[PDB]
Amino acid sequence: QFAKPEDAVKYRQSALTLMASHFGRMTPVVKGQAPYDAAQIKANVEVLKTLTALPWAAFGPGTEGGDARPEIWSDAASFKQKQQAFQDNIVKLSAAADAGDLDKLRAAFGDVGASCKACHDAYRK
Ligand code: HEC
C-alpha cells in the first residue's frame, strides 16, 4: 500500500512506536508499582495484539531503509521465524491477561520482552 519505500519505513516505524507504548506502559503494573486492574490490562493487551501484527507487511520487497538491516531481506526465512515467535509470545500474553493472573502476566511479559530483543539483535541497525 505504499508509493515510495519511505512511506513503508514511516508506516513501520510508526507501528513499532505504538507497539512500544502499549507494551511498555505495563511495566509499572508488572513490577507492582502500579495497581493491577485485570480489565484495564485485558483491554490494553487486546490493542497490543492488533498492533503487533501490523509492522511486518511494511518490510516488503524493496522497502530497504530506516534502521532495518538488509539481512531482513537476505535472510527472510529467519526474519519470519523471529516475527512468528514474537507473535506467539503475544498470544501467550493475551492468555495471561484473559486469565487475570499477575504471575502469569509477569512471566509472559518477560517472554515478550525477550522476543522484541532477540529480533533487534539480529535485525535492527
Ligand atoms: C523483528 C521480528 C522485531 C520484533 C519482534 C520487534 N521489533 Fe522493534 N524493530 C524491528 C526493526 C527491524 C526495527 C527498525 C525499523 C526501521 O525500519 O527503522 C525496529 C524498530 C523498533 C523501534 C523504533 C521505532 C522508531 O521510532 O523508529 C521501536 C520503538 C521498537 N522496534 C520497539 C519494539 C518493541 C517494544 C518490540 C516488542 C514488543 C519490538 N520492537 C519487536 C524489529 C522488530
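Any read-out appearing in this document is the output of simple, stated calculations on the displayed coordinates, not a laboratory observation. Positions of Cβ are backbone-derived with ideal geometry, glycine not excepted, and every protein chain shown enters the neighbour counts.
Some observations on this one:
- Under-5 Å amide H pairs with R124, H placed in peptide plane, nonlocal only: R69
- Taking each DSSP H run with n ≥ 4 as -39500 (n - 2.57) and averaging over every residue of the chain yields -23000 deg cm²/dmol at 222 nm.
- Net charge over other residues, Cβ less than 11 angstrom from the Cβ of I41 (K, R count +1; D, E count -1): -2
- Distance in nm between pseudo-label sites at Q40 and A107 (7 Å out along the Cβ direction from Cα): 2.4
- Shape call, the chain: gyration tensor on alpha carbons, a/c limit 1.5: prolate
- Separation of region 27-46 and region 48-125, taken as the distance between their Cα centroids, equals 20 angstrom.
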